[PDB]
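Whatever order the structure lists them in is the order used to number ligands and atoms, beginning at 1. The sequence lines fix the lettering, A, B, ..., with proteins before strands; numbering per chain opens at 1. Heavy atoms only: backbone and side chains are in, while hydrogens, waters and symmetry mates are out.
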Amino acid sequence: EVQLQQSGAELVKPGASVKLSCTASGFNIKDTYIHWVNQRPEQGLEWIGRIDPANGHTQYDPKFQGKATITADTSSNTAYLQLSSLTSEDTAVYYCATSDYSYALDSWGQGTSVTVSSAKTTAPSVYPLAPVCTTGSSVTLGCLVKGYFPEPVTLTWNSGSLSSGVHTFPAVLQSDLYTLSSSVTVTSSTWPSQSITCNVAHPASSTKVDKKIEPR
Amino acid sequence: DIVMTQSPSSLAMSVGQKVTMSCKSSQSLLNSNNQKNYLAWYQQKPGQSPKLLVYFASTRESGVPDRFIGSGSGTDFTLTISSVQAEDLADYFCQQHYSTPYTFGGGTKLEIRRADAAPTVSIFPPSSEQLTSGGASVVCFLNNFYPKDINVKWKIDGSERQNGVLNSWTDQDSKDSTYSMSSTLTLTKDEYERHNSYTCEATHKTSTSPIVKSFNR
Amino acid sequence: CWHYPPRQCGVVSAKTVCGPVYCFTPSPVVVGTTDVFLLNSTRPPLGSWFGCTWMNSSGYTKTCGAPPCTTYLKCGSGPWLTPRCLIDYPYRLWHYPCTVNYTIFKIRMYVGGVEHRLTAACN
Ligand SMILES: *[C@@H]1O[C@H](CO)[C@@H](O)[C@H](O)[C@H]1NC(C)=O
Ligand SMILES: *[C@@H]1O[C@H](CO)[C@@H](O)[C@H](O)[C@H]1NC(C)=O
């Protein structure tokens, strides 16, 4: 199976430079073109360039010439995208993709989220949201992930085991701290007594918090 | 560069109906030596990475449902979903993969039309942990409603509060086709302690009557 | 080339080959000794390789396939995908010198539902 594993999220100051990696498995990257594409928040897709890992030969969208550099290391089946002199306008999700001779993009990595900002990293406070002080054969718990930076965080309920009934909401806002929330709805039974915990990772601040939800 | 233009910007159809969207290139994508048109279609489900549906205008990618059908030639292209499914909600992109730079269309957002649904509402007071760190957020969840457009009035003692309140919508659900929404009134710990009580009102087209959740203390 | 379509693979002596023995799954792999010989295999949805290619002492490019009947999936006997194209690999230009004029292309191929990425030299 053709698979592309991309490196983790990046915070990077303006003017600075960052290097992303794309690691392929289940095939040899020599036999493909590896492309990079970006997607700015709520926006469309845009080709950056590609490389022939058999060649080293690269092609770019002239507009990215000078700011993007694609390379590849065939001994580790990995391609790289180096970006330099970044600005806020480059804040985006960066994807790598395979093509054959056709250049149609047939397989895609999960993407790498790159935030360009002067703001300092901040870990979030994580607040268990319990219902007020009973049961209409349905009950909803909440998790409030507050005041962090940058995007992203990952939230799960009891380590992913609990998934249906889950609504996790896109982060806001602010000045300049993000706030995110998640609701989980379960059958009024198994809560309480069977305990529900939301699990939040803010990778940027190396934060990993499990907050059990408890009756007030 | 070749300009790609997609139509329409958004789409809404109910499950089972036929879906149609189009793509115009500023010039021919026809490889003469090949008699192939180098146009591709991609699907991007919310929070996921794009995935290839069709390439060479009409050749369907391996592992892609037969309901997905790309057609046309020259400078006019269409992607059609013969009978749409709940899971097909996505942004759809065309791309010419003919010449560098391989340019993409601006995308068509496909949504699923379904029956009206009123939200399930839940109000949550600030946790203890947050009140120690000196703050107070009241959180209101409005889940599994349709259509997207909903309004939340946060009432503190019958008097509307419109500052400190933040709102956030999910994308459309890939199974029941609803939306959910989070509303979070955040005040000062003692602004929260100075007052009582706290209410959020969910006014939807689905009723004359507001769904209302509240609490005291 | 000399082209030559070949017979079932069978066992080749652990002392006749000069260099490596490549087999094509269609992906180019390199087979070895005991646990370089026994290239027995049916077509790779079910079985290991479509065919192989090596080089005896005399400097002759030896090939072997499976019993001859994408049409390559049904019945292919090694490196050749079409009469005009063969699967590229390190020892391609040794094993197939007549093909140095061939243009190389990157391609995709499905075998029993698993995707292979190959480079092909054509014409
Ligand atoms: C090499 O191959 C040629 C032709 O296939 C054959 O006649 C010869 O016997 C082979 N020599 C050895 C040492 O295998
Ligand atoms: C490649 O095709 C051309 C055109 O028919 C011809 O030279 C020959 O068939 C092939 N060349 C070689 C070296 O096999």
(message) Are C/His95 and C/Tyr22 an aromatic pair, judged by ring center distance below 6.0 Å?
(response) no
(request) Apply side chain to side chain donor-acceptor pair (under 3.5 Å) to B/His97 and list each qualifying residue two or more places apart in sequence or on a separate chain. (result) none
(request) If a pair satisfies salt bridge (charged side-chain N to carboxylate O under 4.0 Å, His left out) and one of its residues is in residues 79-98 of chain A, list it, with sequence neighbours excluded. (result) A/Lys67-A/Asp90
(message) Show the atoms of ligand 2 that are less than 4.0 angstrom away from any heavy atom in C/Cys98.
(response) 13 (C)
(message) As an exercise, identify every atom of ligand 2 less than 4.0 angstrom from a heavy atom of C/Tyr102.
(response) 12 (C), 14 (O)
(request) For C/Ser57, counting its heavy atoms only, list the atoms of ligand 1 lying under 4.0 Å from any of them. (result) 13 (C)
(message) Using a 3.5 Å distance criterion without hydrogens, assess whether the side chain of B/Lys45 forms a donor-acceptor pair with backbone atoms of B/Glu87.
(response) yes
(request) Please say whether C/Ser58 places an N or O atom under 3.5 Å from an N or O atom belonging to ligand 1. (result) yes
